[PDB]
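Take a look at this single chain in structure tokens; it is the form deposited in one PDB entry.
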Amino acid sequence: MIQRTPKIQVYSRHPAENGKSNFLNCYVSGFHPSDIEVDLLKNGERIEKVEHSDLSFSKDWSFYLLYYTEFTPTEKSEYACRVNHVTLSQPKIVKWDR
């Protein structure tokens, strides 16, 4: 058996075809087992309609998840990614560094 703690990155990207669009991304990488819970948060509340959840693996024991959706950030709100995994004794909340 092997278990590996996810690395968690939270960032925004504008698709080059539409600069008015902005995506909030949680990139959860290098984890095992594949069991996981990932949410995007706005002001600590789970964002319910996340448009994209892309799972892959490299080696049989390394998984990668890109979890992302359209958003319109303001100065008045806080955005984050929350991850639960067996390797994490408490939920890990990673704030967006703008």
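In this text, residue numbers run from 1 along the sequence as written.
The next section is about a form of this same protein that is not shown, the form deposited with a small molecule bound.
**Q** Determine whether any heavy atom of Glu37 comes within 4.5 Å of a heavy atom of the small molecule in the deposited bound form, and answer yes or no.
**A** No, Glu37 is distant from the partner.
**Q** At the 4.5 Å heavy atom threshold, is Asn84 in contact with the small molecule in the deposited bound form?
**A** No.
**Q** Heavy atom to heavy atom, is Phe71 within 4.5 Å of the small molecule in the deposited bound form?
**A** No.
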